[PDB]
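Colleague: Take this structure first; my questions come after.
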Amino acid sequence: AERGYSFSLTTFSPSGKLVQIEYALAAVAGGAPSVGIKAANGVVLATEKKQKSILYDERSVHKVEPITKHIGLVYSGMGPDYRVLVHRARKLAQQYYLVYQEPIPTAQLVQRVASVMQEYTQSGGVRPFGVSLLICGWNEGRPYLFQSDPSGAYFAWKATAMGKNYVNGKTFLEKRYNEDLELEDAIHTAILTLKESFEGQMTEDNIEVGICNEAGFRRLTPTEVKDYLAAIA
Amino acid sequence: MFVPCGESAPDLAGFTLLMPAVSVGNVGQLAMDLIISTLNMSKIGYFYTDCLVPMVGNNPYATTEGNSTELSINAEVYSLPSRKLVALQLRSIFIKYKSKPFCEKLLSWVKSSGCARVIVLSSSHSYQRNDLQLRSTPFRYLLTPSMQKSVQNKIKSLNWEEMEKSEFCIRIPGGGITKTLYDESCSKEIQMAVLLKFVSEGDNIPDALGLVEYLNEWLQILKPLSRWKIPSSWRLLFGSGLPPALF
Amino acid sequence: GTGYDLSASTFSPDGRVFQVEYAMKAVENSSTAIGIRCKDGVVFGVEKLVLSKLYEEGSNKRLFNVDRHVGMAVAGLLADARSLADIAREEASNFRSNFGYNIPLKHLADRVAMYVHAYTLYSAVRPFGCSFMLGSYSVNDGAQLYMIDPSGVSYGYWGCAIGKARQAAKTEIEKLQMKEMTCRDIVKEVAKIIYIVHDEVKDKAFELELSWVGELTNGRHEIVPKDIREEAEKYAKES
Amino acid sequence: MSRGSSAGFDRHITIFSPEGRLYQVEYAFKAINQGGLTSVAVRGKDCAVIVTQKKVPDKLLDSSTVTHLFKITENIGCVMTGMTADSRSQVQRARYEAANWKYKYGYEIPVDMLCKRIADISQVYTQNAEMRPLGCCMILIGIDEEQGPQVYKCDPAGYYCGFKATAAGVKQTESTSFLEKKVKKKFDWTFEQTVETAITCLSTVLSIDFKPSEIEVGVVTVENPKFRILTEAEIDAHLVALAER
Amino acid sequence: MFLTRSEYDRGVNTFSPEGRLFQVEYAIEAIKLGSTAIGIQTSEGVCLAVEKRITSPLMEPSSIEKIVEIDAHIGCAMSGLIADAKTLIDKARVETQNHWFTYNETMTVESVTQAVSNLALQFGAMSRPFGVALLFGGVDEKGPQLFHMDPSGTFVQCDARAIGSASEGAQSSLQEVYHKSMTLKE
Amino acid sequence: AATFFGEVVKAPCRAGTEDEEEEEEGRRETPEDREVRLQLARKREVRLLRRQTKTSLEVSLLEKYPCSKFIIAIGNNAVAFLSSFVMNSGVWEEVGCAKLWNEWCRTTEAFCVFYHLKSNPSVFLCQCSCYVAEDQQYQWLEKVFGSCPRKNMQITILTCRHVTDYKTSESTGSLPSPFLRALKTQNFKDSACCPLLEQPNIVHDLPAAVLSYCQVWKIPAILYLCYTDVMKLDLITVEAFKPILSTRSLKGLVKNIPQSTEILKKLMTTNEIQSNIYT
Amino acid sequence: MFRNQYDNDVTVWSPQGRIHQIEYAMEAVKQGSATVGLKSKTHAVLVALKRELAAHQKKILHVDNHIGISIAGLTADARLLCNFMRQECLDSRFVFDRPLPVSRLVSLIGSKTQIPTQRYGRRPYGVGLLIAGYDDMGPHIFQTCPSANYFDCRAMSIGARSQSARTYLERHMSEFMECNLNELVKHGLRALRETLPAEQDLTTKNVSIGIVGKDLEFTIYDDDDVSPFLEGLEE
Amino acid sequence: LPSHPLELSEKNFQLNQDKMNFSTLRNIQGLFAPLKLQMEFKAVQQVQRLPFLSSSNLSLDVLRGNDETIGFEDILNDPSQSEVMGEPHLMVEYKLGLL
Amino acid sequence: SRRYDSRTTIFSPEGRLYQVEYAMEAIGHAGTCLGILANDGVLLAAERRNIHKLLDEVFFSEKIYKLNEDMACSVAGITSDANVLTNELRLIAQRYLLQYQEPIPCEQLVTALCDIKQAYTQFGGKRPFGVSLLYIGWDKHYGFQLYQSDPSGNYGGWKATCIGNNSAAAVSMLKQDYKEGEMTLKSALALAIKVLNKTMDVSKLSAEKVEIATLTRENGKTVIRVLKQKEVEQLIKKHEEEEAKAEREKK
């Protein structure tokens, strides 16, 4: 059972496990599917937004949000924690830009946000942010894709998936994803991955796509994702 | 060890011992008190063993003034030959390292007397519960392999859920005597059904009523449907009154 | 919620804060404290259970006045009642100092209720075990009566009660109609209800304290005159 | 917290469960249900509308005092469903946030911003051990300069997503179904149409045709962009219109 | 009708049903766990004695001294947790030093013991009751004076007191042999 | 605990089932743990002996010496009353002493010495000013009686309790504090001399052990509950035991009230000081 | 029975809506020694029954020029309360140049002792104070129950065996008003002796008397000083 | 005296900001609002990194409403990159108030 | 043993702190990381354990970090905590360099970070980091050095060490095949790759399972570098060929 260790965040299990962080990652895994693909021309951040009801207004919370002109991200898990961390990410990006007059590299921003989350993962009295950030961006003529975890550990990725059936999503990405893979069809690959990890019917209002190329990050409009869905099927 | 109130011990062959397993509060003991009061079981003897902390009062179920002056002790044995039931009543905490000795003593006692089932009324912790356990239901059960097929199928037809097993082990968080008693009964190869309810400490009278109803679903020792008479001793279950100066 | 009543910052399986409910029951642990709102103003009465004759008359009184025009009848933890009376005094004083006029009963009641709610929110402290009801009268404001609970909800009433026999006094007030007579007629009703809901067998003796505010008293809270207070007691004895 | 962290997966706000469930936030939603009432807010072409059933439990209780519709700022209006004291405290918090926004940025806060700030506060409450989520559900309304009508549900978990039509309370799901059916047949919801749709949604989910004193209608319109709580006679007229059709 | 467990002895801010702080009494008896100091006050002066316990022959008895000096006219004997007695007597020394510095006089034994008690009152600074008792035997302008400090935090006037292991027996013998008209040598 | 902010804590358990389960999980105990546990058990060991050579009797007082009655006193007030009113009646020479140790008692002013009138050797007295732990209570029982009864002795157990423990419908501070109750076994067919203890009120500790042993083994016994508000050898509390002098117990073992109460004041006034924790 | 969960912390309500820690503090004051307080038209008198070799405790204390107190509970919280009372009176006489009213001081102590009950990490002040005083409106005899709420009393007693003293004071509650200082003190001594066992009679080393009067300021009387009153005191 | 007129103005800028905020709330809302805000700030500050590391204080800024605002204190001198650092135990003791 | 492990600040009857022991167990759950001192320099043969087919290589190194001009270290434990710990290492080194304008001696930096970790162990409410770092570097005083700290702050000097997975076997076999004062960086890398081969039984050395660093002194400058994929492939091939030749000789 090892319940005393299950409840407490600041304790190590006899085997040496931080169970609270494991449960935060379980919350992440129980979130909405989110697939990110690092193409050659740019990157894709596609996910399955939970605004499928007609009442849910479109011009509202967006699953994919920008931090800078050249960086954006998507999450899987807790919306509130995601939004708070997005605010912190924007704060850090502005700090870096005012200190160096340089666009914050994606890796540096990922480091800063991951350290912020590790801060609450370390001390007792709070809980790990039950959300993982699929942060993308573009620097020095190169696409970027990173994955942050409630533990505060972060890794670089070429194509990764989150949420439900996320292991199946990663298997599908490994099946399909190619290193040479270019943009405008990596979007198709992400659409197909989310379809493989979908529940219901695929509609332009059931997904939220954001790509970042040389131009920069840009949340795709319903029309664009509708066109991509029509091209897929 | 069993010590009759009179000169001889009345045989308990073909009976079923109903057990309070001291656990999380007194849910099992309160359920046993409810059962003894409702069935109006008469004290048959004292399970005089040095494992329980000694106490002495008066008969908890006293209905007449004559019954109110009947000295009681920590462990008292009651029986109802009409239903062939035996109701041991532990009314005390256990002593360090004496729980498993008590389990061995009681299981040997029931083996010798002839009681077939040692059905235990116990409890577990309403926390340390999985999401499924939290969502599903508090009541659980556990039947040793020696359990007869007929009653096992009766319980299955009642559609009960069995205590979660964590090979696995029979774990009852906050059960104490419960787990070891079940293990030693399985070793003895004598029948027992460990009925329990996931509960948190506090006012557990409703929990005791729920547990006795859970048992009634199976044994139907009461008309299946205030129905469960409470001991006359149930009173001042939050201490004395409040002082006049305050409030 | 046996496992969810140990802290005020924890919800029950169905969304209840049992600490606040236990505070509301601690309110019931105290004797009744009635108050009826008339068109002329309000009249306050309390089933003040006498503790001992050693205590000087006026000891541990129940009918406070946090402002010149605001009364306060309480029922529950006496210390908490005094604490919230002091809080209301400070709030009214600052309101008069800054806004320039006497704090409206509504504003004062809301401020104190939100203070009580602040206390019920965090796990550092516990909810107030007391409950009270304010009353005021002004030429412009008119008759006003509010009641604050341990939860911290400030609802307005045309007459209500708090304490052991709260429900019986509430039903008697419902049986009574209050907005077509003056305070001099509702004081007798208050006394009658307090006597009716009082239990002699359970409680040997009790003292009935009466206070009111209205056009009768020129919009000020005062203790009912002994002559009128005795007459109200006499009416209560009659019925 | 002062006493520490409660014992068990679902007993303390901070600690997770095996799936990572914050059961205490779900119990805050259960408290919103405990409120006992149902509220329906409707967004439309001209008017953003908020309607709820107002209960005066006893005759002695002053009907004027009891209310579940509050005004935060001239533009902003809201209906609270859930614990009464928590609702009032969150309304005060929203007013404080709006005042702070006006001071900092010079111009009045929009609806979505007030909800987002309140949701951030709620997220902090969930994160920490000392505080607990408030058992109330805020449904803001207002006329945005760019969009116009704006109805935003605003939850203890801190989910500020806007809406074309919002419901809350004990009959939340039925109201959502009825309003989804209504919007699927969108009819250019005018002020009268919006008010009638909200009133009839409440009367259908609760299955009771209300008296004007049994409900509280609040409307903010493009013509009148300041929050306005309808009076007894006006709600009576609206109910008569509903009865006629 | 059921014997149960209730634990009021873990926490100095918890009252037992009888209204008793078990932590303070546990400190009181923890003093008795130590060695006994025989304090006596007479009109001719006050004497302080103690049974200092030398654990091994290699130990230096100078370092284990239980009787200390807080001022020229003030003295006390320690018994119990000597580590906390360090802080207690340091506070007393500081107080008497500031008195000599400011008023250029002698602090009364009652005053210095009151100050060090004010230090000792802080528990629940210390987070637990002080586990050591002192016998402030001094001769101030007022005259010979014996006092006692306890984990309770407050002092008490005394003329004949023994505290530590076999404190009861030492006190019985002291009251057998002590009389008001005795001399300091006696 | 609540040592720091987010310290996860657990509620006190009435049943103490967690401690029992820990004690029932000793199947994987280390040899050093077992050795130290047995040393603790040896520490917690009552030892009945004769002070002639401080040597264990190796037999219960009942078995060794015939017993016709054994008045037990458990508590400072009970032992004071029994040492004042009874010991002036005759000689009461010592028969043996029990040496027990626990966190709240020592081997001796924590004594459990026994006596017998020595004019009637069958009548015995016990002076248990110490406290006997739950694990040591049955050990004391088998060391003083031997688990085999005589069924022919009047076991009069005396104890002092706090009125706080006594539960009542009204406030616990609204009782005639110095009052005494009774609890008697099946065999005991004598007048209680006082009101019997209420139902929800139960007793524990050594007196409960003795009374339960007498009930199980059919020995006429009575246990007296002297409830008080002060437990510092006050005259009121030990005069609350006065009524039991009239009843059969201590009926022929009492010499004269005035002599007892005269020395009773000396016993009350010769006690020590309880530091300066209260006033 | 079921109160163990809710009887250990002072910031938790029981299912019966009670804080048992406050009741346990009120029991702690009860377990303390018995003291008596009563006032005449012109005097407020405190009489306390002290605890063998070694000096006794100071139940009677001079907290201020015209305010005095008697302690019947824990010594530590009593010392802190006395310090706070003395500081308040000193500050009043220093800044406002006003003898701090006894009732105002009692209200301050009520709030002070209310603080811990609603705060975690603290315990209620387990002490009962019989505060004597005289200013403006004649003498002032008060009683601060360790539960913050307090009472004003013409006569009072608190401690162990204090019920007998309370009963005797009730027997003559009205007489004290029309009594000379001497007679008031003797009534106090008789009330104290009610608490003593029938065998014991009041001595000089087990009695301290605190007296504040119209012209008189509060003073503590020792064995020799209390002997006058004990000389003449009817048995 | 200070090294500059702005020295104390910005040494205690935040202190004055909170002081004025609470004063205004007390004057308008009442006693409850400052109490509540103080409680939330205290609760969030109780839990963070030890003083010898750089705490994020994320949730504290979220409550304060400056989690999406930048000031000169954010950029000019960075506490995350300090030039002189004390011993860990020493600074933890200082924070606890032992020294 | 289900007691005295609720907090890091609580002792057991034996005088044990179980929380730091569980942190060391968590270290044991990490990946193999070697460090071998040599005459020419010092190396850090770590296990990449980045074997997903959709993983990027946008970073300097996963296991291996650089602290200053004179120091480098590996990590075996919790990555999230290791990141902040390495940041602290860099910051401390730069603080010392700014104050004294000389590179921090390796032992001083090791001890400072051990102070950090043992301070988190000391005070309640804080979780011990649970990261074991394998430090290497050069300084004027003790030349090339090899250090190894644990979650509890206990650090030791080493000629060859291992942390993470199969650490005990790796250390035993290192001391079975290590010469004091004779090993050159060449033979040091050979021994490191041999130990990795014989410890990492999950798969054969594919040159991406392995991440070896090197720290030498050329022109009086500490040259911290990482073996190229070609270099580690050559190491693996040399070791495998030598093992095959030895097997052939055994016959």
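By the numbers in Swiss-Prot, the shown part of chain I spans 2-252.
Cβ atoms here come from the backbone N, Cα and C positions, even for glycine.
These came from Swiss-Prot, pasted as-is:
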MOD_RES   I:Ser13  phosphoserine
MOD_RES   I:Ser75  phosphoserine
MOD_RES   I:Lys127  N6-acetyllysine
MOD_RES   I:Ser173  phosphoserine
MOD_RES   I:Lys176  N6-acetyllysine
Colleague: Return only the integer: C-alpha distance in Å from I:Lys176 (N6-acetyllysine) to I:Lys127 (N6-acetyllysine).
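Modeller: On Cα coordinates alone, these residues lie 36 Å apart.
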Colleague: Considering Cα atoms only, can you say which of I:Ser13, I:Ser75, I:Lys127 is the nearest neighbour of I:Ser173 (phosphoserine) among these modified residues?
Modeller: I:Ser75
Colleague: Which whole-number value in Å describes the distance between the Cα atoms of I:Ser75 (phosphoserine) and I:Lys127 (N6-acetyllysine)?
Modeller: 24
Colleague: Taking chain A as the partner, extract the modified residues from I:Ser13, I:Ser75, I:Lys127, I:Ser173, I:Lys176 whose Cβ is under 8 Å from a partner Cβ; order them by sequence and answer 'none' if none remain.
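Modeller: Going by the Cβ criterion (under 8 Å to chain A), the qualifying modified residues are I:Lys127.
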Colleague: Under 8 Å Cβ-Cβ to chain H, which of the modified residues I:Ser13, I:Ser75, I:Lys127, I:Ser173, I:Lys176?
Modeller: I:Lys127
Colleague: Long-range neighbours only, meaning 6 or more apart in sequence with Cβ under 8 Å: which ones does I:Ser13 (phosphoserine) have?
Modeller: I:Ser2, I:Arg4, I:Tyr5, I:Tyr19
Colleague: If I restrict to non-local contacts, at least six residues apart, and a C-beta distance under 8 angstroms, what lies near I:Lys127 (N6-acetyllysine) in its own chain?
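Modeller: Long-range Cβ contacts: I:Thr9, I:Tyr121.
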Colleague: Counting Cβ atoms within 10 Å of each candidate's own Cβ, which of the modified residues I:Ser75, I:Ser173 comes out highest?
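Modeller: The residue with the most neighbouring Cβ atoms within 10 Å is I:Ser75.
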Colleague: Applying a 10 Å Cβ distance cut-off over all chains shown, what neighbour count does I:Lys176 (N6-acetyllysine) have?
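Modeller: Cβ-Cβ neighbours of I:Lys176 (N6-acetyllysine) within 10 Å number 11.
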Colleague: Check I:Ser75 (phosphoserine) against DSSP and tell me helix, strand or coil, would you?
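Modeller: In the DSSP reduction, I:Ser75 (phosphoserine) maps to strand.
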Colleague: Based on DSSP, name the secondary structure state of I:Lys127 (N6-acetyllysine): helix, strand or coil.
Modeller: strand
